[PDB]
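Reminder, nothing fancy here: chain letters follow the sequence lines and each chain counts from 1. Because only heavy atoms are used, hydrogens play no part in the values below, and waters and symmetry mates are left out as well, while side chains stay in.
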Amino acid sequence: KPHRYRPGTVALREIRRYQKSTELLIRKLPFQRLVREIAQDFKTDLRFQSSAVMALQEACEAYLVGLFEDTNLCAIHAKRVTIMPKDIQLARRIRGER
Amino acid sequence: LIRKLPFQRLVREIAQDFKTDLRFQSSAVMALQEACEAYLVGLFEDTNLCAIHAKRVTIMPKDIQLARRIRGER
Amino acid sequence: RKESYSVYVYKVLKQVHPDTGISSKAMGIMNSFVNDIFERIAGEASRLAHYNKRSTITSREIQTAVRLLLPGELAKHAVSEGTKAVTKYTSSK
Amino acid sequence: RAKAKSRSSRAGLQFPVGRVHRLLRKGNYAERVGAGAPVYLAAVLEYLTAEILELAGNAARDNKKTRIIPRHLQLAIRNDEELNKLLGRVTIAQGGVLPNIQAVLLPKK
Amino acid sequence: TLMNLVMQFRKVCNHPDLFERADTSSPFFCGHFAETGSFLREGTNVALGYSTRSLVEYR
Amino acid sequence: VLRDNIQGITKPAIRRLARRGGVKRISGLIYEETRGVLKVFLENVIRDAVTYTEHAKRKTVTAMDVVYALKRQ
Amino acid sequence: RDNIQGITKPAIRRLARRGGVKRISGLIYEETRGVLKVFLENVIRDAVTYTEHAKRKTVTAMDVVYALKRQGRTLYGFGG
DNA sequence: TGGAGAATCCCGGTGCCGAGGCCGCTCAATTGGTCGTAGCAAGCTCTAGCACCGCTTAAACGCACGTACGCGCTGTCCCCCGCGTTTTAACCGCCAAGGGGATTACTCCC
DNA sequence: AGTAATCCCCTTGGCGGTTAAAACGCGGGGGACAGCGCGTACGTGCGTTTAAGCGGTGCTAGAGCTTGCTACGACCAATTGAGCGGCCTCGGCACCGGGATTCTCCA
């Protein structure tokens, strides 16, 4: 019989890994193309500096990481361990984005 | 909504911690009160969502604390 | 010819921690920080002069700006450091 | 024509009173810029730079590092109550986050 | 305006396609059709309806 | 001298402010929590409103000093 | 094109781990993609507005930093 | 309580690339004098901020008491996690291109 | 003084591979969610009293405005060295491997 960590044990081992680290968590090339796509809707035949899409990635990831914290607190405010779309929707309405 | 005289006295009482024997123009107190009522009303809106989200119709201190924590007031 | 705070940040680093280095990316944070807080203070000092109907950004404008923009103990320590720097610039030239 | 000694040296500062005077003019913050206002500001910029780098040099030392990294700036800035209030809407590139797990998520007995 | 024209003359001295290139051509079409407003927003898959219609339009 | 005037925002006043925020029912521990909220707010407004008053070397706080303090929130 | 689907499920998981989240409903992933692009559509239109008003046909790191700073999310490290 | 084994740590070794110091020079900060003015100071005006009294009644409080609702408990089931398998596309390197912005030539026009 | 060729540079695009990260399958567990009972804690209504609100009287602090000038900053020309761009190197930090310690889970 194989050894098996219980459900939620490696979710904790992962929190202690992505916290306590600095790396960017979205793959670089996919983020560039999404940025170029969104740019086309505003002005075609733009160009981007490497440091411009980096600055824009860093700001996005920090926005999503900071958002998830607020939904984790919404989930945990209900009796839940599980975040759900209604937690994002609450967090953003309390923040005033929504 | 808040009674005016006990809000004046609350304003004076707070202000004395920063400078003794300040004076307040009558319009300055109303501008403070109207901002405080608008602030409390706007926070209770956000707590009511926190209660309703936790399936509770009754707001509770942890609903104030969740609202402020997400608004970044804490 | 660009301009940077790196030389002045190093000369503060070697005071507080004469043993300690700083990486270029971290020095980048220090430049952004000095730029951002210089601009935040100057912005309030501007508004304070404007509110008063005064043409002049004095040290009194920057004192009141510092007491608006900083938390209570950072405010007082900064006000102390600022008031002695001006006092030693006075009694010189 | 006497031997020049910098406004910083006369003020007793490492930060440049000359640049702070120029930039208060070039930015058009107001019509007139006092002689001492660049000194007061250059002193506060120097002071806050010492606060950051003191706490960050401690954090670098805690990590057994000789050299400050944006990680150590983030740790310092978020651990200190007043820096955290001064920078409570600032994102630091490659700072990461504070290690913080809600108590309810920790495993059962 | 010879500062323009001497080159524009010299261009046709060399070859008229430099001045305005010859291309696949047809008679003047005296009719309505729906023209494309944006090339960018058309995408890779598009339906070509038959829009060709007379401008003489008997009501 | 003045003391304890934060108990001047009565519990009915906190009811009115909560009902206008759409609240149906109010836990009895809200009433002291609301005061810890209102006071922490009203202090750091008045801190600036007075700072704008001792700058410009005056002694009445004006509505404009309040407005500049709120504008800093 | 839909490179929004290039923001993969593992990536949205990793971001939630750094946010300290233990358990994630499978409905979260499409909600998070909808939230991300609404963020980008605000920052890029401002970064474009700066390059447009400053009359350049390339987007620089400082265009983004001004865009972010004006949106309210001051970024240190890329100029700024 | 033990145990097995996986996962996290540590210790020393390797190397690479970026941090810290040196060098040349420019040009931006400083020295010296000028001149305008604004805001510092002294002085008058009267606004409006603070204090007190007396009356009115609506607003705040303490209490009775019912029932609506917060909370711990029980059961289920479904759906999200931990792990092995399959596969695809991110990453790297190297070459192309094109474009655009600064420069240089040559003529015509003034 | 204009307009076009020439040439630098730096950004976008394509090709190959390699492998590390994303997708897919499947068992089971345990966490989400509906259901139940109770009980205590909040909304309601009444009688009580408390002081907020209004109309009115009195005073002086100090906000606001004008006058007068001189101290302080704006402006310019000549001087110089503090600060930037370019080149170098060596030592700090990462990256690996291997054995040691820790933690987790079923027994």
Side-chain angles (χ1 to χ4, degrees), chain A residues 1-11 13 16-17 27-30 36 45 47-50 78-82 84, chain B residues 3-8 21 23-28 54-58 60, chain C residues 1-4 6-8 10 21-25 27 52-56 58 93, chain D residues 1-9 16-19 21-22 25 31-36 63-67 69 107, chain E residues 1-7, chain F residues 8 10-13 15-16 24-30 56 58-60 62, chain G residues 6 8-11 13 22-28 57-58:
Chain A
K1 191 179 181 178
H3 181 68
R4 176 178 179 85
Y5 292 110
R6 286 181 55 226
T9 290
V10 190
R13 298 205 295 90
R16 295 191 292 261
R17 198 200 305 166
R27 304 171 300 160
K28 291 182 178 181
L29 172 61
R36 287 197 284 267
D45 302 336
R47 289 178 163 202
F48 285 84
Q49 292 187 330
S50 58
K79 308 302 182 176
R80 290 178 282 116
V81 171
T82 310
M84 297 178 68
Chain B
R3 300 268 47 101
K4 300 191 183 79
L5 263 63
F7 195 81
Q8 280 173 224
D21 300 340
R23 290 186 165 215
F24 280 92
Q25 298 183 183
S26 53
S27 54
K55 299 188 176 184
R56 207 182 195 269
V57 309
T58 309
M60 191 177 176
Chain C
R1 186 177 279 194
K2 293 292 296 180
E3 295 192 292
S4 308
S6 62
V7 66
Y8 314 112
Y10 272 116
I22 189 162
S23 308
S24 50
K25 208 175 307 191
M27 186 60 89
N52 290 8
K53 303 175 184 177
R54 300 291 177 265
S55 295
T56 308
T58 66
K93 65 174 190 175
Chain D
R1 181 70 186 261
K3 194 64 165 180
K5 37 179 171 286
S6 79
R7 293 169 76 179
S8 295
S9 303
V17 180
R19 287 189 163 164
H21 187 61
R22 173 170 52 110
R25 291 184 287 100
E31 309 176 78
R32 309 168 83 245
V33 179
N63 285 277
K64 307 189 301 293
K65 301 301 183 277
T66 71
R67 183 185 291 164
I69 284 168
Chain E
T1 298
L2 287 186
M3 290 275 275
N4 167 41
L5 299 169
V6 297
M7 199 60 61
Chain F
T10 65
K11 297 187 181 176
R15 286 184 176 280
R16 292 192 293 271
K24 193 193 180 184
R25 297 176 87 249
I26 302 156
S27 308
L29 301 182
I30 287 292
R58 50 181 303 132
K59 300 183 186 181
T60 79
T62 72
Chain G
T8 64
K9 183 178 294 183
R13 184 175 291 276
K22 197 181 181 182
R23 198 170 183 277
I24 305 173
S25 173
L27 299 175
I28 279 288
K57 297 191 298 288
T58 195

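The minimum heavy-atom distance between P6(B) and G8(F), with the atom names listed, is CB-O, 3.7 Å. For the pair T60(F) and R58(F), the tightest heavy-atom approach, listed with the atom from each and the gap, is OG1-NH2, 2.7 Å. Contact detail for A11(A) and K22(G): the closest heavy-atom pair is CB-O, 3.3 Å.
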Protein-nucleotides 16-22 of chain H N/O pairs under 3.5 Å:
unit_1, atom_1, unit_2, atom_2, d
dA19(H), OP1, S24(C), N, 3.0
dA19(H), OP1, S24(C), OG, 2.7
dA19(H), OP2, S24(C), OG, 3.0
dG20(H), OP2, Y10(C), OH, 2.5
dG20(H), OP2, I22(C), O, 3.1

Using atom names, set out every protein N or O paired with an N or O of nucleotides 105-107 of chain I below 3.5 Å, distance rounded to 0.1 Å.
unit_1, atom_1, unit_2, atom_2, d
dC105(I), OP1, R6(A), N, 2.8
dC105(I), OP1, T9(A), OG1, 2.8

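Remark: the bases of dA59(H) and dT49(I) do not meet in a Watson-Crick or G-U wobble pair with both edge contacts under 3.5 Å. Geometry at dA21(I) and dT87(H) does not meet the Watson-Crick or G-U wobble definition with both required distances under 3.5 Å. Entry note: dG28(I) and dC80(H) fail the pairing test, Watson-Crick or G-U wobble at under 3.5 angstrom for both distances.
Residues passing the salt bridge (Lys or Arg N to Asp or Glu O under 4.0 Å) test with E31(D): none are found, sequence neighbours excluded. Partners of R3(B) under the side chain to side chain donor-acceptor pair (under 3.5 Å) rule, at least two apart in sequence or in another chain, do not exist in this structure.
Only the P atoms considered, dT86(H) is 32 Å distant from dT104(I), to the nearest whole Å. Taking atom P on both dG25(I) and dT102(I), the two are 43 Å apart, rounded to the nearest angstrom.
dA64(H) is paired with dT44(I) under the Watson-Crick or G-U wobble criterion, all donor-acceptor distances under 3.5 Å.
Residue contacts shown for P30(A) are limited to sugar-phosphate atoms, with no base heavy atom under 4.0 Å away. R17(A) comes within contact range of no nucleotide atom at all, as no heavy-atom separation falls under 4.0 Å. Contacts of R16(A) with the nucleic acid, taken as non-hydrogen atoms under 4.0 Å apart, are absent.
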- Note on the structure: Quick tally for nucleotides 50-70 of chain H: nucleotides whose base has a protein heavy atom under 4.0 Å get B, sugar-phosphate-only ones S, the rest -, giving S--------SSS-------SS

- Message: Across nucleotides 69-84 of chain I, 5' to 3', mark each nucleotide with B, S or - according to how protein heavy atoms within less than 4.0 Å reach it.
- Response: ----SS---BB-S-BS

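A close approach under 4.0 Å does not occur between any side-chain nitrogen or oxygen of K4(B) and OP1 or OP2 of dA52(I). At least one side-chain nitrogen or oxygen of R58(F) sits closer than 4.0 Å to the OP1 or OP2 atom of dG64(I). The side chain of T66(D) contributes an N or O atom lying less than 4.0 Å from OP1 or OP2 of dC93(I). Residue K64(D) places no side-chain N or O under 4.0 Å from the OP1 or OP2 atom of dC93(I).
With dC42(I), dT31(H), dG100(H) as the choices, the nucleotide that has an atom nearest any side-chain atom of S27(F) turns out to be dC42(I). Side-chain atoms of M3(E) lie closest to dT107(H) of the nucleotides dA52(I), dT107(H), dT30(H).
As rounded to whole Å, 10 Å separates atom P of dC42(I) from atom CD1 of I30(F).
From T9(A), atom OG1 reaches atom CZ of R4(A) across 10.5 Å, with rounding to the nearest 0.5 Å. Atom CZ of residue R25(F) and atom CE of residue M60(B) lie 12.5 Å apart, to the nearest 0.5 angstrom. Atom-to-atom distance recorded for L27(G):CG and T82(A):OG1 is 11.5 Å, nearest 0.5 angstrom.
For the residue pair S25(G) and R80(A), no side-chain donor N or O sits within less than 3.5 Å of a side-chain acceptor on the partner.
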